[PDB]
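**Student:** Please see the structure below; I have some questions.
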Amino acid sequence: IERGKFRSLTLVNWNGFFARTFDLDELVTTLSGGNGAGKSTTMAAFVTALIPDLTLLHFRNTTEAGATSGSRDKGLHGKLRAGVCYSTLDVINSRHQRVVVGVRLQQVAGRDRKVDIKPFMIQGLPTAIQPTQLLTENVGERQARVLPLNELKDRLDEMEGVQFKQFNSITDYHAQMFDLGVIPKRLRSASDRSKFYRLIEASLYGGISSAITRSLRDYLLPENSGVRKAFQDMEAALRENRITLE
Amino acid sequence: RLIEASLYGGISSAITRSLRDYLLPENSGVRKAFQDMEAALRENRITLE
Amino acid sequence: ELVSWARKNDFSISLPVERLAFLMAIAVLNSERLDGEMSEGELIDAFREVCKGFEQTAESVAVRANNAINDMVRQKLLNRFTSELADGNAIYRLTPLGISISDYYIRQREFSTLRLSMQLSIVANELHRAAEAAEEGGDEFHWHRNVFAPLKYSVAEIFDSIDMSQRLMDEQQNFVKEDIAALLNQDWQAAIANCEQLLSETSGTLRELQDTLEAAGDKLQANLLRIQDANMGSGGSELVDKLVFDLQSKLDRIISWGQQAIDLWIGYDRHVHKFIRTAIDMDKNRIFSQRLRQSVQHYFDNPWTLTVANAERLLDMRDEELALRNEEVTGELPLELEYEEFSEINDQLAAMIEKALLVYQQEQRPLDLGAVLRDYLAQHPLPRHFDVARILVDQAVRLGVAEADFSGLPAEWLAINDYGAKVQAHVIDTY
Amino acid sequence: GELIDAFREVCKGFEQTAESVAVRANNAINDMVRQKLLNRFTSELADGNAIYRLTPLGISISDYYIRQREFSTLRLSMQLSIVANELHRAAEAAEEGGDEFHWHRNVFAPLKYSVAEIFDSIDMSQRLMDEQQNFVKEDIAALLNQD
Amino acid sequence: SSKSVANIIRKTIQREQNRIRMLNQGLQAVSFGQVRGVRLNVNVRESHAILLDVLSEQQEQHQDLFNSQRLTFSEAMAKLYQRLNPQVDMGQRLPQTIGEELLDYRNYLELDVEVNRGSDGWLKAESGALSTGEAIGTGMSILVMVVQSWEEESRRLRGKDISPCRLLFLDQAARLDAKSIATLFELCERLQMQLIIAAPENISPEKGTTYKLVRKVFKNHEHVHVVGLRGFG
Amino acid sequence: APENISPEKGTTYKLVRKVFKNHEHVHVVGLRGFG
Amino acid sequence: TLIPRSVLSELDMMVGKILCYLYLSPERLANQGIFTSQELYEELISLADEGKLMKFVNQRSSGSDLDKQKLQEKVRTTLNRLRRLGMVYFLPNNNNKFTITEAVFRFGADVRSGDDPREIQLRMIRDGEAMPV
Amino acid sequence: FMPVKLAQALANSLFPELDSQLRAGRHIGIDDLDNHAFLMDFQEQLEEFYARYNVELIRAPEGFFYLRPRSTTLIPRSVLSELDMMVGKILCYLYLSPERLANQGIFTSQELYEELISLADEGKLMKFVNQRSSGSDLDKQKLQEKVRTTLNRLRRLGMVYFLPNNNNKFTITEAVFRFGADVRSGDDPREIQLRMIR
Ligand SMILES: Nc1ncnc2c1ncn2[C@@H]1O[C@H](COP(=O)(O)OP(=O)(O)OP(=O)(O)O)[C@@H](O)[C@H]1O
Ligand SMILES: [Mg+2]
């Protein structure tokens with residue numbers, strides 16, 4: 001079988017990036033540049049596109065990886081510019097379907113460095129349409145402008161064959177992505193989402209993540225309900241015996 | 001802590017917390033002045049009692 | 001994936017009371033038929049009789065009979081064969097689906113434990129025989145005829161039969177629950193003893209079935225592991241393993257149910273007692289129940305409502321509404337990606353140095369980094385010298401070790417050029 | 001808890017939404033329970049607080065065509081061999097004799113159930129062959145239309 | 001009931017041990033520093049095997065502990081675990097939580113990561129006894145095995161026609177040398193795993209695609225300029 | 001630094017691990033003065 | 001009262017009386033105390049007057065299935081409120097199934113005494129047990 | 001056991017009414033002499049008693065006491081509408097200094113209605129009544145009725161003391177400062193209040 005692939009990553013109105021699309025590689029994509037180039041920003045934007053759960057997203061420095069820094073800030077807000085921003089993934093499914101998943105990010109006005117995230121998906125987009133252009137409107141002389149979610153919905157609905165969906169919960173977002181062969185595990189419960197984010201977070205910083213090795217049992221071995229049922233049966237028996245004894 | 005923070009590099013957490021302990025020396029003059037104030041208070045309390 | 005298979009199959013089933021009765025009569029006659037053949041001349045008679053019993057005449061007898069037979073044939077219930085000599089010039093036979101539908105209702109009742117014991121004994125004999133045949137061994141054909149034809153079919157069929165017995169017991173449990181429920185409606189306080197007996201007999205029957213099941217589960221498992229051990233006697237016995245892996249679960253599964261059902265029933269039982277201890281104890285005469293029923297029926301003739309505490313909820317301050325940042329950001333769109341190429345000068349230099357140095361390894365000549373570096377750096381301009389030295393060292397240290405490094409005598413910093421370049425390395429001796 | 005999931009999946013495959021998934025699933029399960037297709041047991045701890053099991057009629061119907069339509073002669077031979085062994089054993093046990101309980105446990109429990117079941121299995125194999133004959137007739141009839 | 005419990009735990013443990021032991025052969029002697037191979041060690045814990053034996057055969061002998069009104073079932077299990085096998089010397093963790101932990105079958109298996117460091121055989125992998133590159137390689141091996149296991153488990157729910165996408169990251173790749181990066185590349189390609197790596201210097205010039213980013217201050221704001229790179233010119 | 005960077009100023013020490021007499025040994029080479 | 005007071009709706013009385021019936025009804029013994037809202041509605045319509053009970057759901061109902069669904073939803077809402085009152089417990093994982101509690105017996109306080117209904121109603125209202133509507 | 005002074009405070013005959021009004025969210029200011037003195041005296045223990053409920057007994061800088069529910073509050077919580085906070089800020093503004101010459105501490109529903117209409121933006125008013133409305137009689141009547149309802153809701157909280165009669169004319173208490181903004185050095189209270197409201 002032909003495994004699906006991540007074609008490209010698009011960044012809109014990000015810190016440093018206005019509208020930039022990196023075409024990913026079949027095997028390895030490398031990013032270089034002096035300190036502060038913005039590679040970590042690209043990684044963060046990708047992972048935000050993958051797991052938009054705001055509770056999990058925490059972009060600590062590679063130094064103090066997992067060491068509590070008490071900054072009170074997850075670091076995502078400072079990585080976005082004012083206004084609308086987008087982070088999208090084009091994926092070729094094993095069914096050879098081009099699906100553009102993505103999220104609209106937006107800073108929340110106020111002293112708190114808080115952000116709002118709204119996921120979305122597009123199916124059936126023609127292979128000739130690039131997300132960078134799809135998400136921007138050419139206004140002025142070579143001066144494209146970004147358009148909000150409502151405008152994007154209007155633009156896409158006017159097209160033929162493209163199906164756009166907007167999710168009210170990251171749960172359905174993950175469910176749809178899993179349905180299209182994008183996620184290995186079905187993140188039905190919040191614990192599954194936490195484990196998934198733990199895996200990608202350990203990968204990003206690389207190496208032996210303390211939490212992983214500490215819960216390797218939970219991460220590898222599957223949960224069994226028969227043992228739980230048997231223990232509950234024994235619990236009920238013991239409770240009845242105690243009732244009788246008392 | 002100083003040496004290991006240098007070794008691993010980065011903004012060390014403990015150093016960041018105890019910045020005041022690390023970058024500021026301990027002055028005995030203020031402690032002596034406070035001891036004198038406490039002695040004066042003790043004498044005042046004894047007189048009042 | 002089976003959803004599309006079912007969708008394209010297009011199967012669906014329909015048996016009104018008359019069609020179902022005709023099918024049941026056909027099954028009964030086939031059971032009492034001598035040689036297991038049914039000509040349509042008797043099918044028409046059976047349909048006439050069933051329609052007469054049901055007392056309905058939509059059309060003539062013949063047309064109704066023909067329509068029903070054709071419907072059942074196309075509904076995959078009967079199979080027709082053209083034989084002119086047969087009465088009616090056709091012979092009809094029940095199809096597997098028809099047999100299943102008919103016997104779903106018609107089977108002899110089978111809850112007796114003597115049955116379960118006899119199937120277990122038959123299974124024990126056949127399983128032991130198959131295990132011994134496998135252990136003895138043989139060629140591919142012998143392996144087949146001893147472990148794939150006899151074992152597979154027999155064990156599958158009889159485990160299915162045992163499971164069917166368990167399902168029949170499940171049906172009996174359901175029927176006894178319904179009987180208890182109906183009895184408590186008719187006698188109330190006087191059915192307590194009847195219900196307690198019925199519970200007693202059902203519990204005893206369940207316990208005896210569990211005992212009979214566990215009477216042979218362990219040894220059958222042992223024989224199955226023995227067959228697993230003997231299976232590996234040939235490379236083509238893969239399929240056998242599947243059965244030796246499949247026939248495991250079923251057995252254990254069966255035993256599991258034999259306890260699980262009791263675990264369920266011993267639970268349900270308690271509830272019944274609780275009901276008797278709670279529902280009827282305070283309603284011995286049931287009068288409260290009828291009076292509640294009439295109150296429900298005639299409530300709105302005196303509509304009354306109860307009073308409950310409704311303390312106020314602690315009103316709180318709404319957090320400030322969150323307003324996002326909107327600025328209509330605009331900017332230049334990136335051009336087409338440019339490109340740059342990597343310089344392989346260092347690769348060429350490394351190849352040069354490796355070729356120049358391989359002679360030392362070939363001849364096992366003692367290599368002195370000082371002299372070699374001093375000689376070789378003369379061929380390059382000063383700014384490149386460093387980028388050479390490093391590379392040369394990288395190439396030199398892969399070739400053996402220096403024995404002096406274990407002497408505890410530090411080496412000196414030998415100069416390798418003008419301008420003040422120095423090197424510290426012992427002679428490389430042990431290649 | 002798994003029956004509802006299975007009904008959701010089948011309904012999704014069939015692409016029809018008369019009502020919500022839950023109401024359709026509940027109606028179908030209740031209909032099958034009352035139609036003598038499933039048996040329900042109340043167990044609070046179970047996912048969904050209920051345990052369902054196929055009834056004999058449901059088992060028979062399902063296996064109407066999703067059983068193997070077995071035509072291999074090696075099968076028929078192995079059932080015949082099993083029958084031969086069991087029948088000979090029962091005959092020898094009867095010939096040896098015994099009390100009423102021995103007569104029962106040797107000629108009524110083992111013989112009756114086993115022989116009935118396996119003769120029914122052999123008849124079922126013959127019926128499957130009848131189905132195959134019908135299918136080959138239909139295949140010939142369709143082929144003669146095309147070539 | 002206690003006997004049935006112990007039996008089901010034993011069966012589940014055996015099944016999981018077999019599955020993991022079969023999976024272990026999915027590794028092909030990765031070369032990272034002095035680490036030559038990575039392996040998963042699954043073993044039933046004797047401290048818990050004794051507990052299973054006591055539960056399955058000698059439940060009654062300790063009823064005095066079980067039927068105490070002071071102890072809940074979790075606390076009763078914890079106290080029983082304390083009673084037998086007293087040399088484990090658990091820490092300051094409370095009886096309630098340790099009992100709750102005892103109620104999960106997975107706990108009963110020691111599941112650890114072994115590495116064939118140099119020529120010392122297979123040793124337990126402790127971050128405190130491994131170089132940075134060795135630890136990074138071991139962590140990547142663990143993550144790839146975990147994602148493989150997740151894919152395998154979901155093989156039933158998913159359709160037969162879809163293979164989920166595979167992608168991981170590695171920031172500050174400069175911590176790895178050329179040999180380690182080549183080993184990582186060969187592993188990822190053998191496992192059809194996509195990788196996004198970052199390093200100030202182009203550490204992988206002759207494989208996959210590469211980009212270089214340069215940040216420019218521009219009219220009191222910032223812009224990132226991206227340029228593709230190619231192996232040869 | 002694992003060979004990635006080559007600071008021209010100061011002392012540099014190239015290290016390579018090997019097996020000699022069935023013992024782990026770090027072959028060490030030194031350079032300095034460049035620049 | 002220093003703590004405010006409130007009275008259940010007439011539909012709440014219907015569902016509570018029905019719930020008491022189910023607690024005392026042996027026909028549903030197989031359920032073992034676990035009941036679904038659908039069964040509760042079926043029993044309610046069996047014992048009550050379908051259309052005349054529906055009249056309260058909407059004044060202009062005449063058996064329209066839209067109003068039928070409205071009555072089902074109203075019954076579900078009243079069941080949730082009673083759950084809030086402790087008369088019924090949803091199952092640890094299921095909000096579509098529930099187990100009855102003995103508190104429901106209060107819905108029969110007007111009939112627990114074998115006397116004339118019109119005197120017991122006055123006694124209760126005097127005691128504050130039940131106000132009228 | 002129990003703290004002795006806590007037992008004394010709970011046993012006091014004033015405790016039932018005050019407890020009911022607190023659990024109802026009412027704010028106890030300096031006007032309620034007996035209740036305010038009781039809370040002043042026994043705060044050190046009622047704070048613990050109401051912290052047992054995962055609620056905080058807060059004495060505002062103005063002085064009035066109230067209960068703030070945490071996320072884990074054991075007292076059924078509720079949230080004021082948007083119109084409720086808007087009206088609260090309007091009254092906080094109206095707790096003004098020229099107010100003394102304007103209404104002498106006694107306002108009428110008409111004052112609040114006119115202030116709300118003139119001061120608030122049209123979009124929020126429509127959001128209050130309904131989006132599709134645009135300057136109509138029925139919509140304005142419904143808005144006035146909702147204004148009266150929220151005024152009653154505030155009265156329940158002790159924010160507004162109605163002058164006793166069916167007619168709508170009341171007085172504003174100091175506790176209304178809860179809706180108010182923080183005061184900085186030299187800031188005009190009017191300006192900061194209006195900036196918050198806008
Ligand atoms: N949340 C933030 N707030 C403010 N500045 C930020 C934030 N995140 C990143 N930056 C700045 O953006 C620039 C790029 O940061 P980033 O961490 O993405 O770079 P990088 O390429 O990963 O760097 P390095 O390889 O040195 O780690 C740096 O100037 C960083 O200081
Ligand atoms: Mg970085």
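Just so we're on the same page: first chain in the structure tokens is A, next is B, and so on; residues restart at 1 for each chain, and ligands are numbered from 1 in the order they show up.
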Find the residues near ligand 2. Use a cut-off of 7 Å, count only C-alpha atoms and all ligand atoms, and write them as an NGL selection string.
**Tutor:** (:A and (35-36 or 38-40)) or (:E and (171-172))
**Student:** Write the residues you've just listed into a file as a PDB file, in the first residue's frame, and include N, CA, C and O atoms for each of them.
**Tutor:**
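New file again_27.pdb:
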```pdb
ATOM      1  N   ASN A  35      21.183  31.441  14.482  1.00  0.00           N
ATOM      2  CA  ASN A  35      20.299  31.461  15.636  1.00  0.00           C
ATOM      3  C   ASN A  35      19.202  32.501  15.444  1.00  0.00           C
ATOM      4  O   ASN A  35      19.445  33.602  14.943  1.00  0.00           O
ATOM      5  N   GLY A  36      17.986  32.141  15.844  1.00  0.00           N
ATOM      6  CA  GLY A  36      16.850  33.023  15.682  1.00  0.00           C
ATOM      7  C   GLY A  36      16.296  33.095  14.279  1.00  0.00           C
ATOM      8  O   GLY A  36      15.503  33.997  13.989  1.00  0.00           O
ATOM      9  N   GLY A  38      14.145  31.093  12.825  1.00  0.00           N
ATOM     10  CA  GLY A  38      12.718  30.847  12.898  1.00  0.00           C
ATOM     11  C   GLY A  38      12.344  29.410  12.607  1.00  0.00           C
ATOM     12  O   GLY A  38      11.184  29.113  12.304  1.00  0.00           O
ATOM     13  N   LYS A  39      13.317  28.502  12.697  1.00  0.00           N
ATOM     14  CA  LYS A  39      13.026  27.088  12.477  1.00  0.00           C
ATOM     15  C   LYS A  39      12.078  26.563  13.545  1.00  0.00           C
ATOM     16  O   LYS A  39      11.051  25.939  13.238  1.00  0.00           O
ATOM     17  N   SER A  40      12.405  26.816  14.812  1.00  0.00           N
ATOM     18  CA  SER A  40      11.526  26.401  15.895  1.00  0.00           C
ATOM     19  C   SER A  40      10.129  26.968  15.710  1.00  0.00           C
ATOM     20  O   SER A  40       9.144  26.314  16.063  1.00  0.00           O
TER      21      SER A  40
ATOM     22  N   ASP E 171      14.725  18.985  16.502  1.00  0.00           N
ATOM     23  CA  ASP E 171      15.368  20.287  16.592  1.00  0.00           C
ATOM     24  C   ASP E 171      16.789  20.141  17.121  1.00  0.00           C
ATOM     25  O   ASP E 171      17.139  19.144  17.756  1.00  0.00           O
ATOM     26  N   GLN E 172      17.612  21.150  16.849  1.00  0.00           N
ATOM     27  CA  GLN E 172      19.004  21.159  17.293  1.00  0.00           C
ATOM     28  C   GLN E 172      19.718  19.879  16.864  1.00  0.00           C
ATOM     29  O   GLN E 172      20.427  19.238  17.641  1.00  0.00           O
TER      30      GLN E 172
END
```
**Student:** List all protein, DNA and RNA residues that have any atom at most 10 Å from ligand 1, counting only C-alpha atoms and all ligand atoms, and write the list as a PyMOL selection string.
**Tutor:** (chain A and resi 14-16+31-45+59-63+73-81+113) or (chain E and resi 171-174+198-201+212-215+222+224)
**Student:** Within 8 Å of residue 26 in chain F, counting only C-alpha atoms, which residues show up once you throw out same-chain ones fewer than 5 positions away? Write them as a list in words, please.
**Tutor:**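 The neighbour list is residues 15, 16, 17 and 18 of chain F.
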**Student:** Could you take the residues named above and write them with N, CA and C atoms, as a compact mmCIF listing (two decimals), in the first residue's frame?
**Tutor:**
```
# COMPACT_ATOMS: atom_id res chain seq x y z
N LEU F 15 39.16 14.04 19.43
CA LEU F 15 39.02 12.80 20.19
C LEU F 15 38.36 11.74 19.32
N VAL F 16 38.81 10.50 19.47
CA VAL F 16 38.21 9.38 18.75
C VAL F 16 38.25 8.14 19.63
N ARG F 17 37.10 7.48 19.79
CA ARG F 17 37.02 6.31 20.65
C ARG F 17 37.28 5.03 19.87
N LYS F 18 38.01 4.11 20.48
CA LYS F 18 38.44 2.88 19.83
C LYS F 18 38.49 1.77 20.87
```
**Student:** Between E:88, E:95, E:210, E:40, which one has atoms that come closest to residue 72 in chain E, using only C-alpha atoms?
**Tutor:**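 Between E:88, E:95, E:210, E:40, the residue approaching residue 72 in chain E most closely is E:95.
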**Student:** At a cut-off of 12 Å, using only C-alpha atoms, what residues contact range 1-14 of chain F? Leave out same-chain residues fewer than 3 positions from it and give the result as a PyMOL selection string.
**Tutor:** (chain C and resi 383-398+413+420-425) or (chain E and resi 33+131-133+173-180+199-204) or (chain F and resi 17+26-35)
**Student:** Would you list, as a PyMOL selection string, the residues of range 38-153 of chain H that end up in helix (DSSP H, G or I) under DSSP run on this structure's backbone?
**Tutor:** chain H and resi 38-51+82-94+99-102+109-119+122-129+137-153
**Student:** Pick out the residues sitting within 12 Å of range 56-64 of chain G, and hand them over as a PyMOL selection string; count only C-alpha atoms, and ignore anything fewer than 3 positions along from it in its own chain.
**Tutor:** (chain C and resi 300) or (chain G and resi 9-11+14+49-53+67-75)
**Student:** I need the residues from that last selection saved to file as a compact mmCIF listing (two decimals), in the first residue's frame (with C-alpha atoms), if you can.
**Tutor:**
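Result file again_32.txt:
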```
# COMPACT_ATOMS: atom_id res chain seq x y z
CA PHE C 300 -56.13 16.08 36.72
CA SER G 9 -44.99 21.05 37.38
CA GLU G 10 -48.01 18.87 36.65
CA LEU G 11 -45.99 17.02 34.01
CA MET G 14 -47.08 12.61 35.84
CA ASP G 49 -54.62 10.13 28.23
CA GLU G 50 -52.44 10.56 25.17
CA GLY G 51 -54.06 13.53 23.45
CA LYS G 52 -55.55 15.13 26.55
CA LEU G 53 -52.15 14.93 28.26
CA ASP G 67 -46.01 17.83 18.83
CA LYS G 68 -45.41 14.15 19.69
CA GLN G 69 -41.66 14.74 19.55
CA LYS G 70 -42.21 17.92 21.56
CA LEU G 71 -43.89 15.90 24.31
CA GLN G 72 -41.07 13.35 24.23
CA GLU G 73 -38.54 16.17 24.64
CA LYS G 74 -40.57 17.68 27.48
CA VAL G 75 -40.66 14.32 29.25
```
**Student:** Quick one: DSSP strand (DSSP E or B) residues in chain D, as a ChimeraX atom specification?
**Tutor:** /D:38-42,50-54
**Student:** May I have the residues from that selection written out with N, CA and C atoms, as a PDB file, in the first residue's frame?
**Tutor:**
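After the write, selection_13.pdb holds the following:
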```pdb
ATOM      1  N   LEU D  38     -32.061 -11.216  19.224  1.00  0.00           N
ATOM      2  CA  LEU D  38     -31.075 -10.933  20.254  1.00  0.00           C
ATOM      3  C   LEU D  38     -31.684 -11.157  21.629  1.00  0.00           C
ATOM      4  N   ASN D  39     -30.827 -11.501  22.586  1.00  0.00           N
ATOM      5  CA  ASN D  39     -31.195 -11.639  23.985  1.00  0.00           C
ATOM      6  C   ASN D  39     -30.413 -10.605  24.775  1.00  0.00           C
ATOM      7  N   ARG D  40     -31.104  -9.898  25.663  1.00  0.00           N
ATOM      8  CA  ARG D  40     -30.532  -8.809  26.439  1.00  0.00           C
ATOM      9  C   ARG D  40     -30.432  -9.216  27.899  1.00  0.00           C
ATOM     10  N   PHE D  41     -29.350  -8.798  28.548  1.00  0.00           N
ATOM     11  CA  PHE D  41     -29.138  -9.053  29.961  1.00  0.00           C
ATOM     12  C   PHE D  41     -28.688  -7.758  30.612  1.00  0.00           C
ATOM     13  N   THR D  42     -29.298  -7.416  31.742  1.00  0.00           N
ATOM     14  CA  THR D  42     -29.001  -6.155  32.408  1.00  0.00           C
ATOM     15  C   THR D  42     -27.773  -6.344  33.286  1.00  0.00           C
ATOM     16  N   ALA D  50     -25.604  -3.113  29.521  1.00  0.00           N
ATOM     17  CA  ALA D  50     -26.372  -4.224  28.977  1.00  0.00           C
ATOM     18  C   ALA D  50     -25.452  -5.117  28.158  1.00  0.00           C
ATOM     19  N   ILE D  51     -25.791  -6.403  28.113  1.00  0.00           N
ATOM     20  CA  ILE D  51     -25.036  -7.401  27.366  1.00  0.00           C
ATOM     21  C   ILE D  51     -25.989  -8.128  26.430  1.00  0.00           C
ATOM     22  N   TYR D  52     -25.633  -8.188  25.151  1.00  0.00           N
ATOM     23  CA  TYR D  52     -26.484  -8.771  24.126  1.00  0.00           C
ATOM     24  C   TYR D  52     -25.827 -10.013  23.543  1.00  0.00           C
ATOM     25  N   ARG D  53     -26.654 -11.005  23.229  1.00  0.00           N
ATOM     26  CA  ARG D  53     -26.181 -12.259  22.658  1.00  0.00           C
ATOM     27  C   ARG D  53     -27.126 -12.736  21.563  1.00  0.00           C
ATOM     28  N   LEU D  54     -26.552 -13.275  20.494  1.00  0.00           N
ATOM     29  CA  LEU D  54     -27.361 -13.783  19.395  1.00  0.00           C
ATOM     30  C   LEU D  54     -28.194 -14.974  19.850  1.00  0.00           C
TER      31      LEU D  54
END
```
**Student:** Could you work out which residues of chain E fall inside 12 Å of chain D? Count only C-alpha atoms, and format the result as a VMD selection string.
**Tutor:** chain E and resid 157 to 159
**Student:** Which residues come within 12 Å of residue 58 in chain D, counting only C-alpha atoms, excluding same-chain residues fewer than 3 positions away, as JSON, numbers by chain?
**Tutor:** {"C": [97, 100, 101, 102, 103, 104, 105, 164, 167], "D": [32, 33, 34, 35, 36, 37, 38, 39, 52, 53, 54, 55, 61, 62, 63, 64]}
**Student:** Output N, CA, C and O atoms for every residue in the selection just made, as a compact mmCIF listing (two decimals), in the first residue's frame.
**Tutor:**
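The result, written out as again.txt:
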```txt
# COMPACT_ATOMS: atom_id res chain seq x y z
N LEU C 97 -31.08 -21.39 4.33
CA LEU C 97 -31.74 -20.31 5.05
C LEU C 97 -33.13 -20.74 5.51
O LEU C 97 -33.54 -20.44 6.64
N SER C 100 -32.75 -23.03 8.48
CA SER C 100 -32.40 -22.28 9.69
C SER C 100 -33.62 -21.57 10.25
O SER C 100 -33.89 -21.62 11.45
N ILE C 101 -34.38 -20.89 9.38
CA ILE C 101 -35.55 -20.15 9.84
C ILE C 101 -36.58 -21.10 10.44
O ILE C 101 -37.23 -20.78 11.44
N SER C 102 -36.75 -22.28 9.84
CA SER C 102 -37.74 -23.22 10.34
C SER C 102 -37.31 -23.79 11.69
O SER C 102 -38.11 -23.83 12.64
N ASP C 103 -36.06 -24.23 11.80
CA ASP C 103 -35.62 -24.87 13.04
C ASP C 103 -35.34 -23.87 14.15
O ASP C 103 -35.20 -24.27 15.30
N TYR C 104 -35.26 -22.57 13.82
CA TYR C 104 -35.12 -21.56 14.86
C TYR C 104 -36.26 -21.67 15.86
O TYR C 104 -36.05 -21.53 17.08
N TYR C 105 -37.48 -21.91 15.38
CA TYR C 105 -38.63 -22.13 16.24
C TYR C 105 -38.81 -23.60 16.59
O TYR C 105 -39.17 -23.93 17.73
N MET C 164 -24.82 -23.82 20.83
CA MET C 164 -26.25 -23.78 20.58
C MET C 164 -27.02 -24.20 21.82
O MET C 164 -28.08 -23.64 22.13
N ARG C 167 -27.05 -21.29 24.05
CA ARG C 167 -28.04 -20.33 23.58
C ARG C 167 -29.46 -20.76 23.93
O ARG C 167 -30.30 -19.92 24.28
N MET D 32 -35.06 -6.23 16.96
CA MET D 32 -34.42 -7.54 16.89
C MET D 32 -34.64 -8.33 18.17
O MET D 32 -34.84 -9.55 18.13
N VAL D 33 -34.63 -7.66 19.32
CA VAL D 33 -34.87 -8.35 20.59
C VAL D 33 -36.28 -8.92 20.61
O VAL D 33 -36.50 -10.08 20.98
N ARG D 34 -37.26 -8.11 20.21
CA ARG D 34 -38.64 -8.59 20.18
C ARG D 34 -38.90 -9.53 19.01
O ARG D 34 -39.79 -10.38 19.10
N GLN D 35 -38.14 -9.39 17.93
CA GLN D 35 -38.26 -10.30 16.80
C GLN D 35 -37.52 -11.61 17.04
O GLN D 35 -37.37 -12.40 16.10
N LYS D 36 -37.05 -11.85 18.26
CA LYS D 36 -36.34 -13.08 18.60
C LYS D 36 -35.08 -13.21 17.75
O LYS D 36 -34.88 -14.17 17.01
N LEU D 37 -34.21 -12.20 17.87
CA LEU D 37 -32.93 -12.21 17.18
C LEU D 37 -31.79 -11.96 18.15
O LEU D 37 -30.67 -12.44 17.94
N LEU D 38 -32.06 -11.22 19.22
CA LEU D 38 -31.07 -10.93 20.25
C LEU D 38 -31.68 -11.16 21.63
O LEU D 38 -32.90 -11.02 21.82
N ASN D 39 -30.83 -11.50 22.59
CA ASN D 39 -31.19 -11.64 23.99
C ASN D 39 -30.41 -10.60 24.78
O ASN D 39 -29.20 -10.47 24.59
N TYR D 52 -25.63 -8.19 25.15
CA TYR D 52 -26.48 -8.77 24.13
C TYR D 52 -25.83 -10.01 23.54
O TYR D 52 -24.60 -10.07 23.39
N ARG D 53 -26.65 -11.01 23.23
CA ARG D 53 -26.18 -12.26 22.66
C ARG D 53 -27.13 -12.74 21.56
O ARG D 53 -28.35 -12.61 21.68
N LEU D 54 -26.55 -13.27 20.49
CA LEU D 54 -27.36 -13.78 19.39
C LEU D 54 -28.19 -14.97 19.85
O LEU D 54 -27.72 -15.84 20.58
N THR D 55 -29.45 -15.00 19.43
CA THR D 55 -30.38 -16.07 19.73
C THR D 55 -30.28 -17.16 18.67
O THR D 55 -29.77 -16.92 17.57
N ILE D 61 -30.02 -17.56 10.97
CA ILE D 61 -30.18 -16.61 9.88
C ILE D 61 -28.83 -16.07 9.44
O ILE D 61 -28.57 -15.87 8.25
N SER D 62 -28.10 -15.53 10.27
CA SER D 62 -26.77 -15.04 9.89
C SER D 62 -25.99 -16.03 9.05
O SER D 62 -25.54 -15.74 7.95
N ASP D 63 -25.92 -17.27 9.53
CA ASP D 63 -25.22 -18.34 8.86
C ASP D 63 -25.95 -18.83 7.57
O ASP D 63 -25.36 -19.61 6.82
N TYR D 64 -27.14 -18.30 7.21
CA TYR D 64 -27.85 -18.59 5.94
C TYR D 64 -26.94 -18.52 4.71
O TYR D 64 -27.06 -19.36 3.82
```
